[PDB]
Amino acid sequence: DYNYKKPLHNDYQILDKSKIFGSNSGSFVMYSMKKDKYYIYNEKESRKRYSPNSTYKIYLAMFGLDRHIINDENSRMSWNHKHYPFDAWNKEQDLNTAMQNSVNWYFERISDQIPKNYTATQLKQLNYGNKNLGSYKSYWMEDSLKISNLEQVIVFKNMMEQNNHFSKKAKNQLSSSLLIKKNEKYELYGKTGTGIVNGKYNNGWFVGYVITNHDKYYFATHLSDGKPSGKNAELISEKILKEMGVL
């Protein structure tokens, strides 16, 4: 019920990206590693907490790797033969296929193997939003757990960049699963999220990072109105990153 209030002790730039957002409402946040600087479109809104829905698969994947539920030799999980609505979900998966095709059951299976105590300790160490696990059952799916767009960037950057307990091998395997585009100029990584309530999209995300020859940027777009889908959050992120000369 409370939003993100911790102040930023960094160089900061206010952005005007309303033309790219068009009819869609939300916020955009980017962090430059080299400059130690935040760039934010709609800063008050960037601090409003929302369910992370599928961006939380980034963390379920890191936790699954840290607890050795999945590893670099075997991240394969069997399909249980239940009919899912998306054909890409109706088959055996590994980490890369599950992440790419946002296969909910794969991450739910990892979550069922993780003790609440471990998850609470990690969310505390990561300062993950409201750290609210609720009933601890699909808590990241439009439920108790909430995080702001600004925190999505701070939290991800810190998980990946801090000198912490997650192994280099786990970070590498997670990164590989998140790669979307690679060309001569950059590598773009990221994860979409889409929520639906009462037949209407209501919570869209695209969380990621870009590695260029000059810098590394962490970023996130959140959409709450208009056509708030993860696919639209991704398109908006790509347009903003190209407009700022990152891509």
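Start at 1 and count along the sequence shown; that's the residue number.
Does the comparison with other entries of this protein show residue 112 left unmodelled in at least a third of them?
Residue status for residue 112: no gap in any other entry.
Between us, would residue 145 come up missing in a third or more of the other compared entries?
Residue status for residue 145: no gap in any other entry.
Out of 176 to 184 and 22 to 30, which stretch has the higher average CA B-factor listed in the record?
Taking the mean C-alpha B-factor of 176 to 184 and of 22 to 30, the larger value falls to 22 to 30.
May I ask you to compare 13 to 21 and 229 to 237 by their mean CA B factor in the entry and name the higher one?
Between 229 to 237 and 13 to 21, it is 13 to 21 that shows the higher mean C-alpha B-factor.
135, 100, 127, 93, ranked by C-alpha B-factor: the highest one
Comparing C-alpha B-factors across 135, 100, 127, 93, the maximum falls on 135.
I'd like to know which of 146, 83, 76, 171 has the highest C-alpha temperature factor in the PDB entry.
In this record, 83 carries the highest C-alpha B-factor of the candidates.
Based on the entry's values, in what third of the chain does the Cα temperature factor of residue 206 lie: lowest, middle or highest?
Bottom third by C-alpha B-factor.
Looking at the entry's B-factor column for C-alpha atoms only, identify whether residue 151 ranks in the lowest, middle or highest third of its chain.
Its C-alpha B-factor, which the entry lists for residue 151, ranks in the lowest third among residues of this chain.
CA B-factor placement of residue 68, once the chain's modelled residues are sorted into thirds
Answer is highest: the recorded C-alpha B-factor places it there.
Could you place residue 216 in the lowest, middle or highest third of its chain by Cα temperature factor, using the values in the record?
It falls in the middle third of the chain.
Would you check the entry's CA temperature factor for residue 111 and let me know if it's in the chain's lowest, middle or highest third?
Answer is middle: the recorded C-alpha B-factor places it there.
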